[PDB]
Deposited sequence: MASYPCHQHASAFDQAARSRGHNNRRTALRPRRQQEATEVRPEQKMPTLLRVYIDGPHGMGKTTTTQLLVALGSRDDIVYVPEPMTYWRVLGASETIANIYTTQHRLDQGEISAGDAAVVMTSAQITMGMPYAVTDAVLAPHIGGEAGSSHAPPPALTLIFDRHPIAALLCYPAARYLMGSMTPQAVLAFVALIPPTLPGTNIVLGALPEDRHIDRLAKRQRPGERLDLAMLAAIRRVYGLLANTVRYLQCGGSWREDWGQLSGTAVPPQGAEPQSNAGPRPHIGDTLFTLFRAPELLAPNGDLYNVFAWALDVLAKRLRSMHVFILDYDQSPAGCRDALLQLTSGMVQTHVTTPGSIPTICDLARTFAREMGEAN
């Protein structure tokens, strides 16, 4: 069977991920590498109206005390469902085609983001921003789809000062607090994958939090530097101080989904061509999979092109 290479470029907005991705794709044949863009049209029109504007306006109104935390949470939660729908549905139809882990791939699919961006990362950052409840973040976590073999995720690194300078270009609003929260969440994500792959057991180390980044290299991180640290919220604890079981099971799901992912870090503090070639070099050490049927390649290729045409900006 032909082989497939799936690469999800993710991380905070504003680093140059979208450009880097298209430049990489521009290098190959329009036949053997396909780009799956951010579903901007779904967010602005198809799924709901101007969802990005809605998210930023909602946080703004909350910050100004014009609406309550409760009002903000219902709006953010619904907005986040809209944000992740194209990702979830694409993952669901792609799933049956992915075989086991496995010369160049017959096909390379480069995605602008993985489902965890909308089902975990942005929801967790909004929780830190006070516009989402930790229970809702964990409900999204419990719904993250099974991690398919060959899930390569490239997260980005960029000094905060450079990031802030880039970000400030312009339904978005310049929110440095949100920028800090999303950078922190993705940093914790990278550490969480490393923690799990180094054999870390959150249930075994939970008590190391009580007293208040590299994804594929380095020593095992402390649990306090992983995503697990975010769920020590009073809302999630029983009178006896322990986490309610319903939430503990959601963390078990988080561990299971992230532990099998192959994570890489891309340095975005360089020119667009530099980012492209650095990613290209990284792509060499990534895991390919076989596909399940002979026609899986053309089918997958058609799905990606249809997705891009219908939902890409």
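Without any C-alpha position in the structure, which residue ranges of the deposited sequence would you list, numbering from 1?
According to the record, the gaps fall at 1-45, 148-152, 221-223, 266-273, 375-376.
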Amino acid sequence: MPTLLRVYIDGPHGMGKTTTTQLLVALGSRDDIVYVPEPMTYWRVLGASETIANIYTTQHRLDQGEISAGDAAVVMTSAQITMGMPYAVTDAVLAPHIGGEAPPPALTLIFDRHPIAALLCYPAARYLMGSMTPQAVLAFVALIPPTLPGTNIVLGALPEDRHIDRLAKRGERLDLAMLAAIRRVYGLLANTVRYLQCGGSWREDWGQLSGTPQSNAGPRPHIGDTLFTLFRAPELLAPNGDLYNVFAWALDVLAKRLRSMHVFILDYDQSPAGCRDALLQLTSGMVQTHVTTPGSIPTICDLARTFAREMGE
From here on, numbers count along this sequence of modelled residues.
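Basically, rigid core = biggest C-alpha set you can superpose within 1.5 Å across the two forms.
Stretch farther from the shown model on average in 7 other deposited structures of this protein, with CA RMS computed after core superposition (147-155, 203-211)
Evaluated in 7 other deposited structures of this protein, the stretch farther from the shown form is 203-211.
Unmodelled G171 in at least one third of other entries with both flanks present:
Yes, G171 lacks coordinates in at least a third of the other compared entries that model both of its neighbours.
Tell me which stretch has the larger mean Cα B-factor in this entry, 283-291 or 258-266.
On average, C-alpha B-factors are higher across 283-291.
Select between 103-111 and 139-147 the stretch whose C-alpha atoms have the higher average B-factor in the entry.
Looking at the record's C-alpha B-factors, the answer is 103-111.
By the entry's C-alpha temperature factors, tell me which of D91, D161, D225, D205 sits highest.
Most elevated C-alpha B-factor of the set, per the entry: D161.
Selection from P134, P239, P221, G84 [criterion: highest C-alpha temperature factor in the record]
That would be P239, according to the entry.
Using the B-factors in the PDB entry, rank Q197's C-alpha atom against the chain and give the third, lowest, middle or highest.
Middle third of the chain for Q197's C-alpha B-factor.
Hey, what third does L5 fall into on Cα B-factor, ranked over its chain?
According to the entry, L5 has a C-alpha B-factor in the chain's middle third.
Using the B-factors in the PDB entry, rank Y35's C-alpha atom against the chain and give the third, lowest, middle or highest.
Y35: CA B-factor falls in the highest third of its chain.
Compared with the other modelled residues in the chain, in which third is the CA B-factor of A250?
As the PDB entry reports it, the C-alpha B-factor of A250 lands in the lowest third of its chain.
Ranking the modelled residues of this chain by C-alpha B-factor as given in the entry, is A26 in the lowest, middle or highest third?
CA B-factor rank for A26: highest third.
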